[PDB]
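Worksheet: one structure, shown below.
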Amino acid sequence: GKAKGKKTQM
Amino acid sequence: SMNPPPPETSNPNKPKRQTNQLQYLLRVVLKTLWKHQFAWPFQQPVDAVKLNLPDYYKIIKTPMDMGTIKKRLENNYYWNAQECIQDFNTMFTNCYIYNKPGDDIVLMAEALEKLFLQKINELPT
């Protein structure tokens, strides 16, 4: 299924 | 809502019974994980409608999250500590079977799981 959004800051 | 109902969190007729292990799970394990900087994706059920994830609940048979676990501990829903430990294990498994390896969320889950397991290795008798 579809990926989740962005969650951390790199 | 087209999301599933959230897992049950109270048992109306169940007696209130603490154990050393359940006290540890609430006051040490859940306390530490809830405040970790990576906790937030895990603090509530996955809102598949909002996230537009139409296949999440096809892939995940047994939804679980730390908000549910917190309420269950607060409401003394668990009869024993092993039930709670299983819910944490399910939560992590769900993340690892749905999300691509190396996605941000997976690295976040891995950090939380490591902390979880380190605390469980110090579980009271």
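All values below were derived from every heavy atom in this structure, side-chain atoms included, with hydrogens, water molecules and symmetry-related copies excluded. Numbers restart at 1 for each chain; the letters A, B, ... are given by sequence-line order, proteins then strands.
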Linked, directly or transitively: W79(B) and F88(B) (ILVMFWY side chains, under 4.5 Å) | no
Spacing of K4(A) atom NZ and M108(B) atom CE [to the nearest 0.5 Å] = 10.0 Å
Scored by heavy-atom pairs under 4.5 Å with chain A, the best of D55(B), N52(B), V46(B) is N52(B)
Over 12 non-hydrogen atoms of neighbours within 6.0 angstrom of CD in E8(B) = no
Linking I/L/V/M/F/W/Y whenever any side-chain heavy atoms sit under 4.5 Å apart, do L123(B) and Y78(B) land together?
-> yes
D104(B) side-chain N/O to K7(A) backbone N/O, donor-acceptor pair under 3.5 Å = yes
State whether the number of non-hydrogen atoms from other residues, nucleotides or ligands found under 6.0 Å of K14(B) atom NZ is greater than 12.
-> yes
Taken to the nearest 0.5 Å, the spacing of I105(B) CD1 from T8(A) OG1 works out to 9.0 Å
At their closest point, which heavy atom of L53(B) faces which heavy atom of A3(A), and how far apart are they?
-> CD2-O, 4.1 Å
ILVMFWY cluster, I59(B) and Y56(B) together (side-chain gap under 4.5 Å) | yes
Are any side-chain N or O atoms of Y98(B) and backbone N or O atoms of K2(A), one a donor and one an acceptor, separated by less than 3.5 Å?
-> yes
